[PDB]
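Step one of this worksheet: look at the structure below.
The chains referred to below are lettered A, B, ... by the order of the sequence lines, with proteins before strands, and numbering in each begins at 1. Only this structure's heavy atoms are used, side chains among them; waters, hydrogens and symmetry mates stay out.
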2 protein chains.
Amino acid sequence: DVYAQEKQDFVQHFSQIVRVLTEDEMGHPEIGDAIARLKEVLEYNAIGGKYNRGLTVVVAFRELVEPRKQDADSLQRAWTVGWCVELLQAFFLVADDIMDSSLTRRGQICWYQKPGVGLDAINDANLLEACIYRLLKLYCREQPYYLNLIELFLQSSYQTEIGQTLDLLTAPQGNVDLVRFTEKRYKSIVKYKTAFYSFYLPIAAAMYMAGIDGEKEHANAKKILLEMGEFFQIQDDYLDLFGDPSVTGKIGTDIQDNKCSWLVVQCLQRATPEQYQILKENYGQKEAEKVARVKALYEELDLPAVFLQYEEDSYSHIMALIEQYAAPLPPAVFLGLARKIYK
Amino acid sequence: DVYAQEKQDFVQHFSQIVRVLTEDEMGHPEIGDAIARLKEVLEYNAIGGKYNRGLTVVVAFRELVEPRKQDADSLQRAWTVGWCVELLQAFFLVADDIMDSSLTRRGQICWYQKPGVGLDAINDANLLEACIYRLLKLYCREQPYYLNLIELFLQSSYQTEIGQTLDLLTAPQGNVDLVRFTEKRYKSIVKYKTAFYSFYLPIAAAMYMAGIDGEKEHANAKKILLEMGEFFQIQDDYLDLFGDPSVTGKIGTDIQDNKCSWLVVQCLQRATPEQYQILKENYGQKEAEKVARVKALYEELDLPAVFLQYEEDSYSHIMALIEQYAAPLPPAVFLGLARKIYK
Ligand SMILES: O=C(O)c1ccc2cc(-c3ccc[nH]3)cc(-c3cccc4ccccc34)c2n1
Ligand SMILES: O=C(O)c1ccc2cc(-c3ccc[nH]3)cc(-c3cccc4ccccc34)c2n1
C-alpha cells in the first residue's frame with residue numbers, strides 16, 4: 001500500500017527534522033538548554049500516532065507530480081511538509097489536552113500531565129507551532145509555492161482555533177446544556193476544528209507543491225475533502241461507543257466527558273420529551289451505572305442503523321463529489337484517501 | 001511629541017481592526033458565536049496598556065518614508081502593522097499570565113482568572129496570534145514587503161518562545177536554585193524573551209514597509225535595538241524594587257515570585273559565602289518580613305549605585321552604537337526611542 005510502504009521512509013525522516021530544528025544550538029550556545037527542551041517536546045509529542053495526515057502529503061505529492069520531476073530534493077521537501085502537518089496537529093493536541101483536562105492521549109500520559117511540565121506545555125505547544133515555519137523556511141524558502149504553504153498553514157491554524165472556540169462555547173466544563181447540541185452546530189465544529197487541517201490541508205499542501213495553485217482547483221478539492229472530514233468525525237464519535245478497542249485502540253470516554261458527539265446530537269432531533277429527560281439526568285457522570293444507561297437510550301432509538309444508513313449514503317455522495325470535482329486532478333488522490341477512511 | 005499626538009489616531013484605529021477582524025461573521029454565520037468570543041478577547045487583552053511598541057511602528061514609518069509617499073492607504077497599513085505588534089504582545093501576555101499563575105496585569109484581573117474563562121484562554125491567546133496574519137493578509141497582501149512582514153512576525157514569535165523556555169528552565173516554580181541565575185543566562189533570557197519583539201520588531205516592520213529590506217541595514221538596526229532592549233529590562237527589574245509606583249504604576253513582586261531579576265543576578269557575582277546564604281533563606285517567600293530582608297542585602301552591596309553607573313555607561317554606549325550603525329537610516333528613528341527609554 002502507497003501508505004504502508006512509505007510510512008517507514010516518512011518516520012525515518014523525523015531524525016533529520018529534529019537534527020535541523022535543533023541545529024541553531026551551534027551558533028547560539030546561549031539558548032542550548034531551550035533547544036534541548038524543544039528536542040524533548042518534538043520527541044514526545046510528534047511521535048506515537050499513525051502519521052496518516054503527514055503521509056497524505058507524501059502520497060498525494062507522488063500522484064500529482066510527474067515521476068520524472070520527483071528528484072531527491074523534491075522528495076525531502078514533501079516529507080518535510082508532511083512533518084509540518086504532524087507538528088500542526090501536535091501543537092493543537094498538546095494545547096487541547098491542557099484545556100479539557102485530559103489524562104492520556106493514545107494510552108500515553110499527556111505531556112502537560114508529566115512531572116515538571118504542567119502549564120509550561122502552553123509554551124511547548126507554541127514552540128511546536130513555530131517549528132512548522134522554521135521547516136518551511138529551511139527547505140521551501142527558494143520554492144515558488146513558499147508563500148502559498150505559509151498562508152495555508154496559517155489559515156488552517158486559524159480555522160482549527162475558531163473550531164476549538166466553537167466547541168468550548170457549545171460544551172462548557174461543569175455545564176449541562178443539550179439545547180446547544182444541534183446538528184448545524186455539530187457540522188460547524190467538525191468543519192473548522194477537524195476537517196480543514198485533517199483532510200483539506202494535506203492535499204492542498206501537495207497541490208501547491210505540484211504547482212496546482214488555482215483558486216477553483218482548491219475550492220473543488222475543498223468541496224470533496226471537507227465532506228470526507230464530516231464523515232470521518234461522525235465515524236470517530238460512533239466507533240468511540242458502538243465500536244471495539246481491539247481494532248480502534250480507544251475506549252469510550254464521550255459520555256463521561258459531556259462531549260458534543262454525533263450520537264447525542266441525533267438522539268436530540270429524534271426524542272419524546274420524556275426521552276430527553278433521561279439523557280439530561282445521565283450524560284456527563286463518571287459513574288459506570290449512568291454511562292451504561294446512555295448507551296441503552298441510543299440503541300432503542302435505532303442509532304446504529306441511523307449511522308449505517310448515514311455511512312451508505314455518505315460513501316455514495318463522496319463518489320458523486322469525486323466524479324464532479326476531481327478533474328483535472330487524478331481521481332486516485334481522493335480515492336486512496338476515501339478507501340482508508342470508509343471502513 | 002511624535003508619540004503623544006499620534007497615540008489618539010493609533011487607538012482610534014482599533015475600532016476598524018475589530019470591525020474587519022469580526023467581518024467573516026456575515027458570510028459564515030455558522031461561526032458567529034466564536035467571532036463574538038474573539039471580539040471580547042481583542043477588547044479585553046489588546047486594550048489597556050501604553051501602546052508604545054505599536055506606536056513605534058507608526059512613528060518610525062513617518063521618519064523612514066518621504067512625506068510625499070505617506071498617502072491615506074500607507075498610513076492605514078502602518079497603524080494596522082502597529083496593531084499587529086500589540087496583538088503579538090497580547091498573545092504572549094495572556095499565555096505567560098496562565099503559565100506563571102498571575103492574578104493581575106496592569107491592575108486589571110488576568111483574562112484567564114475571569115469567571116468562565118480559565119484554561120480556555122490558551123485557545124484565546126492562539127486566536128490573538130492568528131489575528132496578526134489575518135490583518136497582514138487583509139491590508140498588506142498586495143504589498144512587496146508582505147512576505148517580509150509575515151516572516152518577521154513568525155521569527156519574533158519563535159525568538160520570544162525560545163526566551164520564555166529559557167526563563168521557565170532558569171526559574172522552575174516551587175524550586176530554589178540561584179546557581180543558574182547568572183549574568184550570561186540573564187542577558188540571553190532578556191535578548192530572546194523581550195528585546196526582539198519589543199525593540200527590534202517595531203523598527204524592523206517600519207523598515208520593510210519603507211522598502212529597507214537589506215540584510216546589513218537590518219543587522220545594523222538589530223545591533224542598536226537589542227542593546228536598548230537589554231537596558232530597558234534591566235531598568236524594569238530596578239524600578240520594580242528601587243522605584244516608585246506613583247510614576248511607574250507597578251508595585252514590587254519580583255521577590256515574592258522568585259524571578260530572575262537583574263538585581264538578584266548582580267548580588268550573586270558580588271557576595272561573600274555568608275551573604276549568599278541570607279538570600280537563599282529569604283528570596284521567594286510571600287511573608288512581608290522575608291521580602292523586606294532581600295531589599296536590605298541589595299542596598300548594602302551598593303546595587304542602586306551599580307545600576308546608576310550601568311545607566312550612565314549604557315546611554316553613552318547606545319549613542320556610540322547609533323553613530324556607528326544608524327547610517328543610512330535617520331538617527332532620529334533610534335534617538336526618539338532612546339529618549340523615551342532612558343529616564
Ligand atoms: O492519527 C492518525 O494518523 C490516524 C488515526 C486513526 C485513523 C483511523 C482511520 C479509520 C477509522 C475507520 C476507518 N479508518 C483512518 C485514519 C486515516 C487514514 C489515512 C488517512 C487519514 C487522513 C486524515 C485523517 C485520518 C486518516 C486514521 N489516522
Ligand atoms: O506597554 C507599553 O507601551 C509601555 C509600558 C511602560 C513603559 C515604560 C517606559 C519607561 C520606563 C522608564 C523610562 N521609560 C518606556 C516605555 C516605552 C516608550 C516608548 C517606546 C517603547 C518601545 C518598546 C518598549 C517600551 C517603550 C513603556 N512602554
query = Does B/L268 CG have over 12 foreign heavy atoms under 6.0 Å away?
reply = yes

query = Within a strict 4.5 Å, meaning less than it, do heavy atoms of the B/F199 and B/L226 side chains meet?
reply = no

Ring pair (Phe, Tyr, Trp, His ring centres under 6.0 Å) partners of A/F91, counting only residues at least two apart = none

message = Shorter than 4.5 Å, heavy atoms on both sides: which option in B/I31, B/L119, B/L147 has the most such pairs with chain A?
response = B/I31

request  = Apply side-chain contact (heavy atoms from CB on, under 4.5 Å) to A/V265 and A/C260, showing your working.
outcome  = CA-CA 7 Å; A/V265 170; A/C260 192; 4.0 Å; yes

key: Over all atoms of both residues, closest heavy-atom pair of A/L152 and A/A205   = CD2-N, 3.5 Å

task = Using non-hydrogen atoms and a 4.5 Å limit, figure out which bit of B/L169 sits close to chain A: side chain, backbone, both or neither.
result = side chain

ask   = Picking from A/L38, A/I189, A/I35, A/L166, which has the most non-hydrogen pairs under 4.5 angstrom with chain B?
value = A/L166

ask   = Can you say whether A/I150 sits under 4.5 Å from chain B via the side chain, the backbone, both, or neither, judging by heavy atoms?
value = side chain

request  = Decide side-chain contact (heavy atoms from CB on, under 4.5 Å) for A/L103 and A/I109; before the verdict, give the C-alpha distance in whole Å, the side-chain angles of both, and the deciding distance to 0.1 Å.
outcome  = CA-CA 6 Å; A/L103 302 171; A/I109 308 168; over 6 Å; no

query = Given side chains that start at C-beta, do those of B/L87 and B/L135 come closer than 4.5 Å, heavy atoms only?
reply = yes

query = Between B/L154 and chain A, which part of the residue has a heavy atom less than 4.5 Å away: side chain, backbone, both or neither?
reply = side chain

request  = Show your working on side-chain contact (heavy atoms from CB on, under 4.5 Å) between B/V190 and B/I234 and close with a plain yes or no.
outcome  = CA-CA 9 Å; B/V190 170; B/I234 292 170; 5.8 Å; no

note = Looking only at heavy atoms, the pair that brings A/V81 and A/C140 closest together is CG2-SG, 4.1 Å

B/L136, part contacting chain A, at a heavy-atom distance under 4.5 Å = neither

Short donor-acceptor separations (under 3.5 Å), chain A to chain B:
from	atom 1	to	atom 2	distance (Å)
A/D24	OD2	B/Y158	OH	3.2
A/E30	OE2	B/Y192	OH	3.0
A/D33	OD2	B/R185	NH2	2.8
A/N123	ND2	B/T165	OG1	2.7
A/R134	NH1	B/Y158	OH	3.2
A/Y146	OH	B/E151	OE2	2.7
A/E151	OE2	B/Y146	OH	2.7
A/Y158	OH	B/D24	OD2	3.2
A/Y158	OH	B/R134	NH1	3.2
A/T165	OG1	B/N123	ND2	2.7
A/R185	NH2	B/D33	OD2	2.8
A/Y192	OH	B/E30	OE2	3.0

